[PDB]
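Student: Output the structure for:
(chains A, B, C, D, E, F, G, H, I and J, ligands or ions: 2)
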Amino acid sequence: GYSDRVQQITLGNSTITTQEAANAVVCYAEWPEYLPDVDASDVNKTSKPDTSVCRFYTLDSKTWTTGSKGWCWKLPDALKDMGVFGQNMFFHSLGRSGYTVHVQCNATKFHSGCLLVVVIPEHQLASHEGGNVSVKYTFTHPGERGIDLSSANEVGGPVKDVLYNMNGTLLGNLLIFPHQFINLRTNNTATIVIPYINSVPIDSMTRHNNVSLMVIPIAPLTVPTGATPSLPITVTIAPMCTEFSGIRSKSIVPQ
Amino acid sequence: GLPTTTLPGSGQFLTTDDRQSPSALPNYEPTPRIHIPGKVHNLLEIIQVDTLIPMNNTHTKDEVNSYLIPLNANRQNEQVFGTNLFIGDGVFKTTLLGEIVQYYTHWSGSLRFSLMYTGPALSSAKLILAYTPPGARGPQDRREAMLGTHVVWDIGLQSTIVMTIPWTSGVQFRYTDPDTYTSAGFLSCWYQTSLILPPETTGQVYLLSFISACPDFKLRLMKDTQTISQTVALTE
Amino acid sequence: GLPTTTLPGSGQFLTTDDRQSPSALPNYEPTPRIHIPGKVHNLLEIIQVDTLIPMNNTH
Amino acid sequence: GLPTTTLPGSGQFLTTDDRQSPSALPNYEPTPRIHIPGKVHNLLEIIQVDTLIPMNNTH
Amino acid sequence: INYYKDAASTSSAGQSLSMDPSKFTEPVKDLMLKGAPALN
Amino acid sequence: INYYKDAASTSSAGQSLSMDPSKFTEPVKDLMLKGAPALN
Amino acid sequence: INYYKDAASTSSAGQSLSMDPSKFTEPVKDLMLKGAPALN
Amino acid sequence: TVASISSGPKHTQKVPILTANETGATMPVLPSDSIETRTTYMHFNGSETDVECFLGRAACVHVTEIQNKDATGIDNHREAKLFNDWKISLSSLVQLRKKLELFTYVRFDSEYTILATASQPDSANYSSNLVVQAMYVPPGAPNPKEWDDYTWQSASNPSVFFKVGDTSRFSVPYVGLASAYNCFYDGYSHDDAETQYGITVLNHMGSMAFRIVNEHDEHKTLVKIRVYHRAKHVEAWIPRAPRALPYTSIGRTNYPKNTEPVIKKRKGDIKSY
Amino acid sequence: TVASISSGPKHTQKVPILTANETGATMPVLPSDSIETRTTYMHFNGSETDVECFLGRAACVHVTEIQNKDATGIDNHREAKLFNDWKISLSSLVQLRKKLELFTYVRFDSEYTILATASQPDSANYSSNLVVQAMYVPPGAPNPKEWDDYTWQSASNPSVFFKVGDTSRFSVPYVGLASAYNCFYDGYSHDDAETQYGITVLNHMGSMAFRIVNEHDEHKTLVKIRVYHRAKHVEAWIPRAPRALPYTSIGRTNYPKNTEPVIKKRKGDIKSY
Amino acid sequence: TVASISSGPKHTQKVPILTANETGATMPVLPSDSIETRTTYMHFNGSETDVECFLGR
Ligand SMILES: Cc1cc(CCCCCOc2ccc(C3=NCCO3)cc2)on1
Ligand SMILES: Cc1cc(CCCCCOc2ccc(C3=NCCO3)cc2)on1
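Tutor: Numbers count the residues shown, from 1 in each chain, chains lettered A, B, ... in the order given. Ligands and ions are numbered 1, 2, ... in the order given. Below, you will see the structure:
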């Protein structure tokens, strides 16, 4: 009586149940694991807070309306302030982590709409100015708020044009990245497990984000007659196999 | 001193030849490799992942909406969409498949075309997808369409339908840039019965459509893509 | 570095010589051969089929 | 005469390449080596000896 | 025959002949069998 | 010795030394023996 | 393959792979053990 | 091998020299069936009549020309021969053509040799060595527009750079779409009423493009390119009647009107020697 | 290998063509799951789509130019192109760039070919053979200031001397600091509020510098350098969506404003063929 | 080859970090004598610092 459909994920002191899942994606078919010695470089023993950092943090909720263009969060940024995960983050020189991402959106059998939930490794954004204008730090570190693709261009911020993925590629091809759809008629959640993907064994958690999670409405939300025209979307994310190394004074970052 | 003779071609530089060269950095030790998920070995590995087709090309500036094929409730007998199968041009051209095919001169193989339905769960519909092999015109009505490769799709719990365009061909390779002799057919879709919405519901519903290549597929003779060009060198 | 000497004829192009060359299309896979009746191997095979002589050349 | 083809790079001088050359002094016999304390083999051997840092740079 | 000492100086590598699209085409956590229902 | 990797790059082929004119000179359905009457 | 007769004409030598810093880092007459007191 | 066996007088009921040509056969009659012969050996193998040998020597297949000159103010490089191209084909020059069309389908690898020589028509000074770039532009590739377009980057398209006066040589595998190249094709690309008829529709092999890499000197320099083609690894099927009339077009069988009698008229009778 | 197996009529409870794309998988459906097929073999290996092959041909990555002229009274050699340099990078010319950015991280050895051709714009005499010196100047090395500085001694820095008109070729191991080169980098060099964003911060590979070794003749000679790059021993991870809009800068993803629709609009309906 | 071995807390009478530089030696102290380390390998030989290489271009 197991269905692909019902699932439970327990991680730390927190549990999620979905009764309307559509399997789960594990990026590149690899599950998060700690850093092996053969791959290690820094000689420091690392710190593995385990259950105090590897639990589920639910970010603040978004509201899908008929005019929504899509939202974008960066990792580990989105979690920069969650509990002890965040403290560890500002206090060590280097850290590394994988995540379980669970995006939630329920409706009824009269609604229609379909969101794309995708994880993009190394999502370098484009400046809407063109040329070689850079995208300032603050703009690519929105924190739990994430970036709202239907917000206005700002100065020093990225471009927010959806048919171009914020980088000069077409929305249609985002499907080459680990992703899952939430089609109100099928699905009510999306779950993706992200292994740590980098060109170095461990890195800085503040100067470099290693994935952007993106939720994009593709088939517009259509509510039943005289229904309220909107649904909330909630994102809950859990660091998994986290390791921190090179402890010290506590980083100070712009803004 | 051993006697030699040099042949025609001596001193030429062929950008495609593969020979040994002296290393400028004798004895240098590269950084160790660490493990990174995701290694690609063949472009054939990636063109099997499906991506969305902007089938609804009828707009005037690129929009999220050209990915949406609309469906109308209560129409009978009528046609949902049509396209030829020049995978290197037209709707296909910006898709990952289209985009890679363009790095090669010839392609052969089967294509997989699927449609995912997004209408309310309490609605229902039966569509027919038809592949018309080279030699006939794009079908003009379902009767015409239904006499070639087709699948009656019944919209249900299972949200997507995967149609295969089996390789139908005299010549074993076709050109990726559209060519007549080498042309592959048409793909059309019609109401088999009709879309029906539940009460309290209204308007258009949309289908999303994807394209990817079957394991069947072959691409050969690499060349340059018409999809990118430039007028002055870029700088930092 | 192995010492060499080049002989007279170096650099010439003789349309009748038969040597190796780099392939411009590295790794390309040609279309499979299928069977076709009629293969010719030697011109000596075909000059044994008789053909008509315009003997009455007087026109 | 063996047929050859020369590749791009022929005739270049790369200061870092390592090949054989004719000796200008054929048959010459170098002076014998005697023992000298102190032979260095790697620069890695010497950067492990500590030396003083002008830390007080303020002059 | 390599004429040179360093590995960078050797010619092109030889075909992976690796090929495994499943990391890209089927990264699902619970295995899907073709023919069995997608969602149970 | 081939110095190159691809087959197209090798020199000319070597003599068929196949030679069988009968597909061209005697494509008749019932075998004709020299010396026996042509039409029986 | 050396093409030439004299040794000077051969290419560069090959890595000492000798490496022993102690003549430079620890030329002390009585051996010092790390962890034991420097001056007893 | 015997070329002739010994054979003596015959008085038989077994006549090898009477046949019925209506059957379509060429009966294998020999000297020894009708005169008295002596033994003789062949001393020969038929080596140089092998089709690999027949089609295997380089033939000139194309002569084009490009010039190095100041492109300043040229509105159409292609038109100034600032670079030029060639719609690859093997039927344009007709010596090699008659040889290939002795067969219906042909399959082979090609070895190309490209000779480039320079000419300075307008009285000149010092000629700085020009380097030609030949690059293959297959069907559906950004055709180049100026002599120094992004196209010439040729990041995915094989190109060779050699010096004028020298020769370039490389070999391309059999690039046909089918199992053989059609020397003839009695078809169309589709059943339209006005579409071209022939092979031209079939041998869509794209074109080859040449240019000089050098910028301009004070004088002008004419560079004339000659492409030679040698078939290697030849396979030929279905022999046909040799070409009798002159050729008029690449890819059609058409001959010129009011052509001249191709059979030499006797100077004398049928009876004449 | 079979490309298709033989398969006949089906009337089952087992439907391989109905799936749920919401899952993120592309189910491996074949022609034989939905029509009746016959056996056919592949006859093909997928050799020429190997990433080593795809990135393994030389692409033009840079064109620069230097001149040989009297430096007497030149206050800024660099500025007179008495020598010039190049801030090494592989993203400046954009044909090869789109190919590499199909991947996120890439690791390979490089083989460089450098072609140098000369041009004599101002009507001239005898050109004495110029010898170019290419020397690699890594980060933290005395950058050269005149065309004949002590720098050019290059006692510890690899340099190649070749003749104009010829080509130089050598190969450099993978010099990246990490395990792979980042084709993309969503980071900064540190957490400052105004520091540049991208890779440009990451691919600090130093620059390459060219000069003519020859002193000056009576005329002036323009030498134009073209650098070609071929990846050998390629390793690529994490495929990404291909580049759709035009490029504007080395190292940023930025596209131009008021760009044009990249998807071709139908001439007709959705229903059109 | 290990570049660093794994080493944990220490509370000893054996102090490798106190020395007398007046002796002329450079005592071979390592990260693992004064912090807690994890194993890591060298992945490197020191090839390009050989004097033959240093003076050989
Ligand atoms: C019949 C028949 C046979 C042929 C010849 C076909 C040859 C294939 C394409 O030819 C070329 C030519 C040039 C190059 C080339 N690459 C780099 C420089 O030139 C590649 C393929 O043409 N018609
Ligand atoms: C990504 C990415 C990859 C690359 C290429 C890096 C190549 C390493 C440095 O390149 C050179 C270039 C030239 C020379 C040289 N030595 C003597 C002459 O030229 C050495 C290294 O650049 N960006």
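Student: what sits against residue A:181?
Tutor: Residues counted as contacts of residue A:181 (C-beta atoms under 8 Å, 6 or more residues apart in numbering or on different chains) are A:22, A:114-117, A:187, A:190, A:218, B:116, I:21-22, I:24. No exception for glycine: its C-beta is placed from N, CA and C like everyone else's.
Student: ok, now with 7 Å
Tutor: Counting by C-beta atoms under 7 Å, 6 or more residues apart in numbering or on different chains, residue A:181 makes contact with A:114-116, A:187, I:21-22.
Student: next one: phi and psi at it?
Tutor: Reported as degrees, to the nearest 10, the phi and psi values for residue A:181 are phi -100, psi 160.
Student: Residue H:2 now?
Tutor: Note on residue H:2: its backbone torsions stand at phi -90, psi 140 [degrees, to the nearest 10].
Student: cool, residue B:175 as well?
Tutor: Main-chain torsions, residue B:175, degrees, to the nearest 10: phi -80, psi 140.
Student: does the nearest residue to it once chain neighbours are set aside sit in a helix, a strand or a coil?
Tutor: Among residues not flanking residue B:175 along the chain, residue B:182 sits closest, at 4.8 Å (C-beta to C-beta, 6 or more residues apart in numbering or on different chains). Assigned by DSSP: H, G, I helix; E, B strand; the rest coil, the conformation of residue B:182 is coil.
Student: Now do the contacts for residue B:182.
Tutor: Applying C-beta under 7 Å, 6+ apart, we find residue B:182 in contact with B:171, B:174-175.
Student: Grab the nearest non-local neighbour of residue B:96.
Tutor: In space, residue B:96 is closest to residue B:51, 4.5 Å off (C-beta to C-beta, 6+ apart).
Student: for the one you found, which residues make a bridge with it?
Tutor: residue B:211 (DSSP bridges).
Student: is it true that it touches residue A:173?
Tutor: Yes - counting by C-beta atoms under 7 Å, residue B:51 touches residue A:173, with 4.9 Å between them.
Student: Look up the residues that both of these two are in contact with.
Tutor: B:95-96.
Student: Could you report the neighbour count for the residue nearest to residue B:96?
Tutor: The number of residues packed around residue B:51, counting by other C-beta atoms under 10 Å in any protein chain shown, is 24.
Student: cool, and the one 4 residues further on?
Tutor: Counted with other C-beta under 10 Å, the neighbours of residue B:55 add up to 26.
Student: Return the residues in contact with residue E:40.
Tutor: Contacts of residue E:40 (C-beta under 7 Å, 6+ apart): A:3-5.
Student: Okay, it and chain H: tell me how far apart.
Tutor: According to C-beta to the nearest C-beta, to the nearest Å, residue E:40 and chain H sit 45 Å apart.
Student: can you tell me which helix or strand that residue belongs to?
Tutor: Here residue E:40 sits in a region with no helix or strand, counting by DSSP states H and E.
Student: Equivalent analysis for residue A:216, please.
Tutor: Per DSSP H and E: strand A:211-222 holds residue A:216.
Student: Neighbouring strands - and their directions - for that strand?
Tutor: strand A:71-75 (antiparallel), strand A:112-121 (antiparallel).
Student: Indicate which one of the ones you listed is closest to ligand 1.
Tutor: Checking the strands paired with strand A:211-222 against ligand 1 by C-beta to the nearest ligand atom gives strand A:112-121 as the closest, at 36.8 Å.
Student: Can you list the buried residues in that closest one?
Tutor: By neighbour count with 16 or more other C-beta atoms under 10 Å in any protein chain shown, strand A:112-121 contains the buried residues A:112-121.
Student: returning to what we had before: with respect to residue E:30, which of the contacts of residue B:182 is nearest?
Tutor: Nearest to residue E:30, judged by C-beta to C-beta, of the contacts of residue B:182 is residue B:174 at 38.5 Å.
Student: ok, the closest one touching residue B:184?
Tutor: Yes - Residue B:174 is within contact range of residue B:184, at 6.1 Å (criterion: C-beta under 7 Å).
Student: Get me the contact residues on chain B for chain C.
Tutor: The interface of chain B toward chain C, taken as C-beta under 7 Å from any C-beta of the partner chain, is made up of B:1-10, B:14, B:16-18, B:172-173, B:220-221.
Student: is it fair to say residue A:87 lies in a helix?
Tutor: Yes - under three-state DSSP, residue A:87 sits within a helix.
Student: so how far is chain I from it?
Tutor: Distance of residue A:87 to chain I, given as C-beta to the nearest C-beta: 16 Å.
Student: Enumerate residues external to stretch A:127-139 that contact any of its residues.
Tutor: By C-beta under 7 Å, 6+ apart, the residues outside stretch A:127-139 that reach it are A:125, A:153, A:156-159, A:254-255, B:236, I:188, I:191, I:193-194, I:196-198, I:248-249, I:252, I:254-257.
Student: Get me the contact residues on chain B for chain D.
Tutor: Close to chain D, as judged by C-beta under 7 Å from any C-beta, chain B has residues B:2-7, B:9-11, B:13, B:19, B:21-22, B:24, B:26.
Student: Buried among those? Need that as a selection in ChimeraX.
Tutor: To isolate the buried members of those in ChimeraX, using 16+ other C-beta under 10 Å:
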select /B:4,5,6,7,9,10,11,13,19,21,22,24,26
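Student: and the residues of chain B next to chain D, which of them are in strands?
Tutor: B:2-6, B:13 (DSSP state E).
Student: tell me, which of those make contact with chain I?
Tutor: Contacts with chain I within those, as defined by C-beta under 7 Å from any C-beta: residue B:13.
Student: export the ones in strands among the residues of chain B next to chain D to a markdown table and tack on distance to chain F?
Tutor: A markdown table is the format used below for those (distance: C-beta to the nearest C-beta, whole Å):
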| residue | distance to chain F |
| --- | --- |
| B:2 | 16 |
| B:3 | 18 |
| B:4 | 14 |
| B:5 | 15 |
| B:6 | 14 |
| B:13 | 16 |
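Student: And the ones in strands among the residues of chain B next to chain D, which is closest to residue H:220?
Tutor: For those, with residue H:220 as the reference and C-beta to C-beta as the criterion, the closest is residue B:13, at 25.6 Å.
Student: What count of nearby residues applies to residue 26?
Tutor: No chain in the question, so chain A it is. Neighbour number of residue A:26 under other C-beta under 10 Å is 23.
Student: that's the other chain; I wanted chain H
Tutor: Residues near residue H:26, counting by other C-beta under 10 Å, number 17.
Student: which SS state does the residue nearest to the spatial centre of chain B fall under?
Tutor: Compute the mean C-alpha point of chain B, and by C-alpha atoms, centre = their mean the closest residue is residue B:97, 3.9 Å away. With three-state DSSP as the basis, residue B:97 sits in helix.
Student: any idea how far chain B is from residue A:227?
Tutor: Taking C-beta to the nearest C-beta, one finds residue A:227 at 8 Å from chain B.
Student: Can you show me the helices along chain E?
Tutor: For chain E, helices defined by DSSP state H occupy the ranges E:22-25.
Student: Identify the residue spatially nearest to residue A:159, adjacent ones excluded.
Tutor: Using C-beta to C-beta, 6+ apart, the nearest residue to residue A:159 is residue A:128, at 3.7 Å.
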